[PDB]
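**Q** Sequence plus experimental coordinates follow:
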Amino acid sequence: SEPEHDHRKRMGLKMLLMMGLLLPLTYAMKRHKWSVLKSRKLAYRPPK
Amino acid sequence: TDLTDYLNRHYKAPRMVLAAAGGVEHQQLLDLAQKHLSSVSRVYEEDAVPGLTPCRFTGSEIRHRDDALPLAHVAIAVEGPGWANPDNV
């Protein structure tokens, strides 16, 4: 039923290593491009 | 008291330039500075010399949104070198 087993698991660990390499890169990029926003403090100065 | 302390600390003698430009000569101005401007402070009063620390430039952004104004003013700048650096020219 499965003559595909060894090559499937080969692509499996290749995918796992590639995903574990390329996911913190995009995570750090997203954290940078949103840490420009999350440091924003707002103030309201009405004329009273 | 705050103004008295400020004038005692920061209006000292070695931080003053007496500058004259125009129809004057240096000898009469020097005699007038000797007569009138002598003995300004000549003292530190605590043996604590005040100085200057290098102030860091940081990148930031301030937005004062007020939409009832007719026009918008935006100033964008980077860090300049200083007075003593020739590349200012």
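**A** Received the coordinates, thanks. Numbers count the residues shown, from 1 in each chain, chains lettered A, B, ... in the order given.
**Q** what secondary structure does residue A:19 sit in?
**A** helix (DSSP: H, G, I helix; E, B strand; the rest coil).
**Q** distance of residue B:3 from residue B:9?
**A** Distance of residue B:3 to residue B:9, computed by C-beta to C-beta, to the nearest Å: 11 Å. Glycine gets a C-beta too; all of them are placed from N, C-alpha and C.
**Q** Would you map the helices across the chain?
**A** Let's take chain A. Along chain A, counting by DSSP state H, helices occupy A:5-38.
**Q** Correction: the question concerned chain B.
**A** Counting by DSSP H, the helices of chain B are B:2-10, B:26-36.
**Q** re the thing from before, residue B:3 and residue B:9: who's more crowded?
**A** residue B:9 (14 against 7; other C-beta atoms under 10 Å in any protein chain shown).
**Q** Now do the contacts for that one.
**A** Contacts for residue B:9 were tallied using C-beta atoms under 8 Å, 6 or more residues apart in numbering or on different chains; they are B:45, B:50.
**Q** now with 7 Å?
**A** residue B:50 (C-beta atoms under 7 Å, 6 or more residues apart in numbering or on different chains).
**Q** what do you get for residue A:46?
**A** Going by C-beta under 7 Å, 6+ apart, the list of residues near residue A:46 is empty.
**Q** any idea how far it lies from residue B:73?
**A** Taking C-beta to C-beta, one finds residue A:46 at 21 Å from residue B:73.
**Q** How about residue B:38?
**A** Note on residue B:38: its distance to residue B:73, by C-beta to C-beta, is 47 Å.
**Q** So for the two, which residue has more residues nearby?
**A** residue B:38 (9 against 6).
**Q** phi, psi of that one?
**A** Main-chain torsions, residue B:38, degrees, to the nearest 10: phi -80, psi 150.
**Q** which residue is nearest the middle of chain A?
**A** By C-alpha atoms, centre = their mean, chain A has its centre lying nearest to residue A:27, at 3.3 Å.
**Q** circling back to that earlier point, so which of the helices of chain B is nearest residue B:81?
**A** For residue B:81, the closest of the helices of chain B is helix B:2-10, at 26.0 Å, according to C-beta to C-beta.
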